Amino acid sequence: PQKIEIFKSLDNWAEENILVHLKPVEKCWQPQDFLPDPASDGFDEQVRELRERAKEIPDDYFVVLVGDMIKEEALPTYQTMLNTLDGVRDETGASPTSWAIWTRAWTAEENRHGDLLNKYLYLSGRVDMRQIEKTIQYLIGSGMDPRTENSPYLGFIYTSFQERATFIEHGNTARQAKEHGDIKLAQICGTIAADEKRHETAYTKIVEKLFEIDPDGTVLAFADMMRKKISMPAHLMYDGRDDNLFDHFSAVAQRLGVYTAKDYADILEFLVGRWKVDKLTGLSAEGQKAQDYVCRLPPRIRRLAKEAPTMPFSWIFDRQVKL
């Protein structure tokens, strides 16, 4: 109960330092901004142009984009996760605490990412939305356990890591969409990436305050979380066909450079820096041991070739792409 009551005092602090990173709803983009306008005369031409540009984008890029989209559409899970955490749990479903307001507003923001990408993929005609839709249903039913243990310390370190990861992913899919000739798609991934950046900023800011107030508790938390490993939110991906769907998806994302094990370590190196775990002093014997583990981890991961096989993906009608 002492790590829990910490969060009720920070309620007002959160209003001023965290909630400021949400975009007010009137100022928020909506999927429709980046999609063929079904109320205009140019609808049919906009859709024809989209599908025409989509033919020039290779299947492997689509496999990765799809995977990222699925990850997004599993949103209910991530709101639930947030409400497992002890100081921030929405008690009623419309609680007026800062932490609850964030949780709901963050959710409302992330909801547009899936919506936009879903329609884009639908219109493209380059993927099987039936199998994608089924994958999503498995994923939501499946849930996800990040092993944050109801601890806001673990939880917000986790979300911090996750937000930066999606920032990198969406960022790279934006880059490669330009490279394949589709700037409208590049815009979609870029705008989404920009949202994730605001979320990263807010979540890293919470952990910064936690490192200020309770540095011992927060390095130990940070050590615990890396010891367990950061479990990815879509690790339980399943399409009813491939038992190793996540690994096969991750492998295409690795090859294309959308998300690599390098990017994993780079994120951890960033978070060590951003929280100045590096220069933390006056810790318990445990706290110091945790500090070491954390700081030495990124080079140790980075330390740890060729023609890969082709693999069919039900998301693209079992057509094959390299791994």
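In this text, residue numbers run from 1 along the sequence as written.
According to the entry, the deposited sequence has 4 to 9 residues without coordinates between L304 and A305. Relative to its counterpart among 281-289 and 46-54, 281-289 has the higher mean temperature factor, C-alpha atoms as listed in the PDB entry.
Of the two segments examined, 19-27 and 295-303, it is 295-303 that shows the higher average Cα temperature factor in the deposited entry.
When the C-alpha B-factors of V127, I206, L82, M232 are ranked from the entry, the top spot goes to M232. Based on the entry's C-alpha B-factors, the most elevated value among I213, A253, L121, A105 belongs to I213. The PDB entry assigns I136 a C-alpha temperature factor belonging to the lowest third of its chain's modelled residues.
Among the modelled residues of its chain, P96 has a C-alpha B-factor that falls in the lowest third, as given in the PDB entry. Ranked by Cα temperature factor within the chain, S314 sits in the lowest third according to the deposited record. When all modelled residues of the chain are sorted by CA temperature factor, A265 is found within the highest third. The deposited CA B-factor of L271 belongs to the highest third of values across its chain.
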